[PDB]
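Under PDB author numbering, the first residue of the sequence shown is numbered 1, with each subsequent residue one higher.
We put the beta carbon where it would ideally sit given N, CA and C, even for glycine.
Read through the structure below, which is laid out as structure tokens, and then see the notes.
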Amino acid sequence: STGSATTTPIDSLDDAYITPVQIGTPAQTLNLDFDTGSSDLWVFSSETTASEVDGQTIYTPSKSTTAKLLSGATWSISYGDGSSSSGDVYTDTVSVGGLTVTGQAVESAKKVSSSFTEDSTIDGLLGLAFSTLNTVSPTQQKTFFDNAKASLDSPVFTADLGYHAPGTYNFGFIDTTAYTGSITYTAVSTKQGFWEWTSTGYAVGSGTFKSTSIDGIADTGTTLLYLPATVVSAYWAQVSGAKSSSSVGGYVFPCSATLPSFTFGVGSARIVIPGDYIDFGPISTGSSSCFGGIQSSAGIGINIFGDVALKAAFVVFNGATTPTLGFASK
């Protein structure tokens, strides 16, 4: 089997991407944030504290003839941006782009933190990291990908995120028309539950490539590119007037700037992030100070190849017995 679904930026800055997901019988379609940095599929629901719902579409298990309470199961998750959610669990039929899993754990939120409430466009998350990170207790549950894997034509999914435009998540096949050149594959460590890999280095604009190992994760659920302070300083040093602002919470730059590109290494291959991808706009409405899309990972504890990096590539998440990651230009 295969599936193919379009993923759409939530706003003009590509702050995140939403993909329609069918849950239950008859189908309830929710727009979920596909997140290769976590492993819970959770939704706003009829059980979510009413004051914490503000415009989201909710899953109502009582209206689904295939929903079953997973008795005794609870979940609770805290993310790297300080947000969180928790609740109980149902199993139900879940379909993405024509690909169906029966008995998928659908984690129903009873509580969500303010940033989730405040974002009306995201109805929940669909985790695509390794199932070892799943938070359901006392019986850990599998991700949608893990459940689908054996049925897929090939045990893979691909992320093809757009810049200011829709893109595609495919399950079970590699669309050879969706990228240019060849796909370069690189090793993955699953030890921390993430799609963790090692970039072979970087360049800033038309500068020389620096060969250096940068361990990090491919995370579709993080917006920006978070790298070591040395690398980030080297980038922003090429932008007149750019500076790190503790009050704002990262590097800012004059909105009048033309940003240089940023290249990262995948083995002997190179992925080029155009400068425009690194512009996240005014820090507040009407400001001439703009927020940068490359930020320091210092204090996060891990480097994160978030959407800013991934959207410059066609990315293969290869879930074969020994997982790997593939990157191609597009």
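In the three-state reduction of the DSSP assignment, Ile278 falls in the helix class, which pools H, G and I.
For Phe173, DSSP assigns no beta-bridge partner whatsoever. Listed in chain order, the beta strand (DSSP E) runs fully inside the segment 198-262 are 210-218, 225-227, 243-245, 250-254, counting runs of at least 3 residues. CA-CA distance, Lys110 to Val89, rounds to 10 Å. Closest in C-alpha terms to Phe305, from the list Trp236, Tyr226, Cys255, comes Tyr226. Counting only unbroken stretches of 3 or more residues, the beta strand (DSSP E) elements lying wholly within the segment 21-53 are 28-35, 41-43, in sequence order. Going by beta carbons, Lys63 and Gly319 fall outside the 9 Å limit. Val106: member of the beta strand (DSSP E) spanning 99-112, first to last residue. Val96 carries a strand assignment under DSSP once its states are collapsed to helix, strand and coil. Put simply, of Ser83, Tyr163, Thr322, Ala313 the residue whose alpha carbon is nearest the alpha carbon of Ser189 is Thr322. Beta-bridge annotation (DSSP): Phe305 is paired with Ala218, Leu225. Membership of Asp146 in the alpha helix (DSSP H) is indicated by the continuous run 144-148. The three-state reading of DSSP puts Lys68 in strand, counting E and B together. C-alpha of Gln140 to C-alpha of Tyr179: approximately 36 Å in a straight line. Around the CB of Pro254, fewer than 16 other CB atoms lie within 10 Å, so the residue is classed as exposed.
Contact annotation: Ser206 and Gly265 have beta-carbon atoms that are not nearer than 9 Å. The beta carbons of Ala105 and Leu70 sit closer together than 9 Å. With a 10 Å radius around the Cβ and a threshold of 16 neighbouring Cβ atoms, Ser39 comes out buried. Closest in C-alpha terms to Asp81, from the list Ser46, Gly37, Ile183, comes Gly37. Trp75 is bridged by DSSP to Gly87. In the DSSP assignment, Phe291 falls within the beta strand (DSSP E) that extends over 289-292.
With contacts defined as CB atoms closer than 9 Å, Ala313 and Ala328 qualify as a contacting pair.
Assignment of beta-bridge partners to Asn318 by DSSP yields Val156, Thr324.
Ranked by how close their Cα comes to the Cα of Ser108, the residues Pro155, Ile278, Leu41, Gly293 have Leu41 in first place. Between the alpha carbons of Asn147 and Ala159 lies a gap of roughly 18 Å. A buried status is given to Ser85, since no fewer than 16 other beta-carbon atoms sit within 10 Å of its beta-carbon. Taking every protein chain shown into account, the CB of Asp33 has 16 or more other CB atoms within 10 angstroms, so this residue is buried.
DSSP places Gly124 inside the beta strand (DSSP E), whose first and last residues are 124-127. Under DSSP, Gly167 takes part in a beta bridge, and its partners are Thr7. For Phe194, the three-state secondary structure derived from DSSP is coil. Where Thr184 is concerned, the enclosing beta strand (DSSP E) starts and stops at 184-187. Using a Cβ-Cβ distance cut-off of 8 Å, the segment 288-304 and the segment 122-141 are not in contact, since fewer than three pairs of beta carbons, one from each stretch, lie closer than that value.
By the criterion of a C-beta distance shorter than 7 Å, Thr25 is surrounded in its chain by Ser64, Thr65, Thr66, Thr93, once the five residues flanking it on both sides are discounted. Counting C-beta atoms within 10 angstroms of its own C-beta, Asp219 has 16 or more neighbours from the protein chains shown and is therefore classed as buried. No Cβ-Cβ contact shorter than 9 Å links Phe173 with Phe145.
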